[PDB]
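The block underneath contains the structure these notes are about, expressed in structure tokens.
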Ligand SMILES: c1ccc2c(CN3CCNCC3)cccc2c1
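Residue numbers (the authors' numbering), protein chains in the order written: chain A, 697 to 746; chain B, 1 to 1032; chain C, 548 to 597; chain D, 51 to 150; chain E, 847 to 895.
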């Protein structure tokens, strides 16, 4: 963003833009490994199922 | 053709300036290196089988790859060695001059064909093929300033891999970075006693690690094919792998419904450490790391070395303050010193030829011409050398320094002949040039062709000698080709242009110059009378000449042969081998004492020590040291590497823990681990390991007792006691114990098992599981291990395994597919290597039938060289004869001139025998260029002799006059070449052995070819034209 | 004349290769982060209609 | 189904790091997308035969193969020539223009 | 930019860089070679100038 602000505000170029995908919201899955294990759930089962 | 240029000087000027401009525009792409790829192209296979014995790895992995790599195009041989550390080494060697890329890809193709058979452990660890020998530019090292012993080399190695190695491998010119150490890895040090307490087996901990430390490709909700309604796809990014030891210690081994859990840390100590602990490196008593940087093909060395050093110093700014970098070894410093000295010799030889040029002609303008025509030839030499893809290495710089002499003669004779005509007839410069060049041009073409074809054959031979002679001879030949072209076209124009008229009759002179003119006139007249005195007695001079050729033969056959003189490379080899079964700590103590003593030696600037590696073989008992010597300028002869090696061997002769041996490095890199002879004792019939070792002691008894050899030792690891585990399979099974459980438990507890991938902040390293240091130090610890039965209890190992000791191979060596012993050594001082090879063949003939013997590397190439030299000489002689009969329109005149070369050979042989140097390659090429000069001399006499004797002069009068008017340039060029190559023979420092072997041989041979040739050649002329009764 | 030549030679903007009319164009369809394929298909539908 | 960062540090990182030092490299670009496709482009100096480039890159992918996940391996890694004299593109489409 | 952030050119920019680098001494070598051929042909220097 530093370089893009310094560039797009500079009239020496038509444009500058990330030829690349912008950051996106993600959904982290907080797996209590201990809780899942105590219920008898292997991490292998969760990983395979997901 | 020269007259064309005499009438049009600008044409010749432009052609010469053209070739010069080409030369100048070709240097910026010059490849430089120590030596060319003289060593054969070697590919080396590295297969890792953690915790597998030498024999297991031998018959499980390396045997299969060896089977697959047979019949590959361009094989020369292949060596394999399987060490107890679990690393297999297979070195496939090809004929020199074969492109290493094609060798590499073919070896990879055959490795793939083999890949289906190696165990899962090797495959998951990966098989690596690379190029063990190449232009390894340098080695750069990192070490701790404080010299703390407790320094964690793994943190240093991780810093080097993350920050340093990538930058250097990114640099231009470097074709491969060889990091010579391990990589970080979460270590899982399990305690089998805790596993016993918790009713857990090692497979349980492995499977917990395997399923709980796995990345999770969860995906993203709202993914294609998506509903026409939903519009918010997003990633699921589950965390699956573990980053730090704390997370790994939280791997749940067994959790109850109540809430109680068993985490990995409760049974194992978790830390980040080396993936592999086979090898350790030390630099000057401090734990250090190092990497081998190798030069890409067809690239400058000095520029690449400077780029690496500048990059590394720039990185040293971001370095941790406790760590410091240094570059102990650099192969570009030798080349920088070499070219800077050779340039100095070139300038100082130009000044010498200028000085004697002006001493003879006593006028600067006459002297100028060669000083301009010579570097033009040198620039053309560079352009053509680059065009064929040769490299600017020491051997081409000797091509330079001993070309300068044979090149300078063209200009010397041309300008000196034009002066002789200018003085004796006094014409204007142009018509005098016409006359002299008309006399000399056919002879000059004969020269150019005959020396072209005298070093053409030296370019035909194969082997490492093949490469040396290739470069050195072809540099010489291109030099003489352009020198002849200039003498035909450009230099005559130079005479027609730059020369100034002299007054008629101005032979009276003021000062010591007039003394010189008078004294040389007296010498020329005296020599004229001398010829007039011997030419009647030609049959009698036959007896002296035959004595000369017989003496040449006598000391030539009395001259010990050699491949290449050993050069002071500034480093030594010291081998650290302890008794069989030695732990790394004993080796570290031995290395500590060795490195301390090397500190006490002032001849050593820095000592680099390797633990676990030695050219004999890799193992815990084995280690190697590479002391670095100070620069030659800061050292004297008393601190030469050989003297320092003797000092160390005498010092550590009474070492109480193992053996320390100091061996000077082999002369040619990549042709072996030490100089001398390399012999593989095969068993072409399968007599068995014990029988092969029996033959080994047989041959070593028969050899070490023979005074023909300095020493001979098994370049390999001695047999070590082994602990065979007698597992009652039936008993273990009845208790409910599967063999799978025992095998898995042993492999994981003692051999360490790589479970899965540790995602260490972007690097995929491998979590390793191994038993605790205290729980695997003794044989009883093997018994204390437990394995699970079918009923869920844990069965101690000692319930069904009894340990019985026996003896086995810690290293197995195979050659061309058969089991072999690698025996190596050096001959006694003052004894030829060929005689030692013959003695070894004789002794090996006494071996029991079925035991084969095979030479390898240096010995094999010495063999092919000695084979090829003879018909090389023969082809050279027959071709020079044929060209001579072509040019001279006769047969008698060709034999007349060919009578000259024994005198040059005699001079070279007597000089080298007086100084005692062997019959190395450098002396051989010095001899051939001396022969070339003598042939040039002989033509320079005899073409004018023939010209006179076709003009009506009497045979004796024609010969004597020809010698009289060719005497001056003869001694002229002789003295120029003298003082041009005198620095070569007196050379000291880097590469000095090669330069001295040149200088002494060339100086002696050319000394005889002048002092004896100038007298004998007219005698030969009159004899041959008399006895054969030749007619004009 | 030679000075004039130099003066507008150094005043001449450099270029690699002039852009040729290749008969095709590039149009990029990038939606906000986390966009399902269906939104992109609707955008492409409107683009292709135009 | 592997995220951008997972594919980044699990597959494309290993191949990327291992292909360094290859003969005639001019640079190499890598991009890892959430779709689960890793994209690595290795560019060589013009005038080098792309047959030798292709074979060397395949030989290096071979050294990399030992580390990729089982999913990628069973699905397979593919190396080709993204830029070449692509003569044309030919297409098949439905006349009726049915969306379904 | 803050120290540690490196910049690099790729593809078209890299080629434009090397082209702009080579143009000058290419022109120079062309001029010197034509001069040399011209002095060869004309048996003079003044005529080549
Ligand atoms: C100092 C340190 C290493 C040196 C090497 C490396 N060696 C080959 C590869 N295996 C390790 C040993 C060769 C030659 C001179 C050296 C000098």
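Note that beta-carbon positions come from the ideal geometry of N, C-alpha and C, so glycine has one too.
| Query | Result |
| --- | --- |
| Got a sec: is the Cβ-Cβ distance from residue 14 of chain B to anything in chain F below 7 Å? | No chain F is present in this structure, whose protein chains are A, B, C, D and E. |
| Does residue 94 of chain B come out as helix, strand or coil in the three-state DSSP assignment? | strand |
| Got a sec: which bits of the segment 553–564 of chain C sit with their beta carbon under 9 Å from any beta carbon on chain E, in order along the chain? | 561, 562 and 563 |
| Is the Cβ-Cβ distance between residue 274 of chain B and residue 141 of chain B less than 7 Å? | no |
| Tell me whether residue 518 of chain B is buried or exposed, calling it buried when 16 or more other Cβ atoms sit within 10 Å of its Cβ. | exposed |
| In the DSSP output, which residue or residues are listed as bridge partners for residue 786 of chain B? | B:796 |
| Identify the continuous beta strand (DSSP E) that holds residue 101 of chain B and give its terminal residues. | Unbroken run through residue 101 of chain B is the alpha helix (DSSP H), 100–115; no beta strand (DSSP E). |
| Can you give the Cα-Cα distance for residue 578 of chain B and residue 585 of chain B, rounded to whole angstroms? | 11 Å |
| Examine chain D for any beta-carbon lying closer than 7 Å to the beta-carbon of residue 759 of chain B, and answer yes or no. | yes |
| If you run the structure through DSSP and keep just helix, strand and coil, what is residue 728 of chain B? | coil |
| Residue ranges of each alpha helix (DSSP H) run of no fewer than 4 residues wholly in the segment 666–744 of chain B, ordered along the chain? | 689–704 and 729–734 |
| Does any residue of chain B bring its CB to less than 7 Å from the CB of residue 595 of chain C? | no |
| Which stretch, first to last residue, makes up the alpha helix (DSSP H) that contains residue 343 of chain B? | 331–361 |
| From the beta carbon of residue 872 of chain E, is the nearest beta carbon of chain B less than 7 Å away? | no |
| Taking residue 83 of chain D as the query, report the chain A residues whose CB atoms sit under 9 Å from its CB, ordered along the chain. | 717 |
| Output yes if chain B places a C-beta closer than 7 Å to the C-beta of residue 52 of chain D; else output no. | yes |
| Report, in whole angstroms, the separation of the C-beta atoms of residue 608 of chain B and residue 290 of chain B, which I expect to be a contact under 8 Å. | 7 Å |
| Counting only Cβ pairs nearer than 8 Å, list the residues of chain E close to residue 17 of chain B. | 882 |
| Across the segment 365–382 of chain B and the segment 406–414 of chain B, are there enough close Cβ pairs to call them in contact, namely three or more that are closer than 8 Å? | yes |
| Determine which residues of the segment 703–732 of chain A have a Cβ less than 7 Å from any Cβ of chain C, and write them out in chain order. | 718, 719, 720 and 721 |
| Strictly under 7 Å for the Cβ-Cβ distance: is residue 567 of chain C near chain B by that measure? | no |
| How many Å lie between residue 1038 of chain B and residue 993 of chain B at the Cα? | An answer regarding residue 1038 of chain B cannot be provided, because it is not within the stretch 1 to 1032 covered by chain B. |
| Enumerate, from N- to C-terminal direction, the unbroken beta strand (DSSP E) stretches of 3 or more residues contained entirely within the segment 607–676 of chain B. | 622–629 and 659–663 |
| Between which two residues does the alpha helix (DSSP H) carrying residue 186 of chain B extend? | Element bounds for residue 186 of chain B: not the alpha helix (DSSP H) but the beta strand (DSSP E), 184–190. |
| Does the beta-carbon of residue 709 of chain A, which I'm using as the reference point, lie nearer than 6 Å to any heavy atom of ligand 1? | no |
| Is the Cβ of residue 581 of chain C closer than 7 Å to any Cβ of chain A? | yes |
| Give the residues from the segment 54–88 of chain D that approach chain E closer than 8 Å (Cβ to any Cβ), ordered along the chain. | 76, 77 and 79 |
| Could you check whether the Cβ of residue 854 of chain E sits closer than 7 Å to any Cβ belonging to chain B? | no |
| Take residue 902 of chain B and list the residues in its own chain whose beta-carbon comes closer than 7 Å to its own, dropping the five residues that flank it on each side. | 548, 549 and 552 |
| Entirely within the segment 393–477 of chain B and at least 4 residues each: give me those alpha helix (DSSP H) ranges in chain order. | 394–424 and 429–455 |
| Relative to chain A, which residues along the segment 257–280 of chain B have a C-beta separation below 7 Å, given in chain order? | 257, 259 and 261 |
| What is the C-beta distance between residue 959 of chain B and residue 1021 of chain B, in whole angstroms, given that I count them as a contact (C-beta under 8 Å)? | 5 Å |
| Using 8 Å as the threshold, is the segment 511–528 of chain B in touch with the segment 967–978 of chain B, meaning 3 or more CB pairs across them? | yes |
| Extract the residue ranges of the alpha helix (DSSP H) inside the segment 819–895 of chain B, only unbroken runs of 4 or more that lie entirely within it. | 833–845 and 858–888 |
| Shorter than 7 Å from the beta carbon of residue 108 of chain B to some beta carbon of chain D? | yes |
| Do we get a CB-CB distance below 7 Å when we pair residue 173 of chain B with the residues of chain D? | no |
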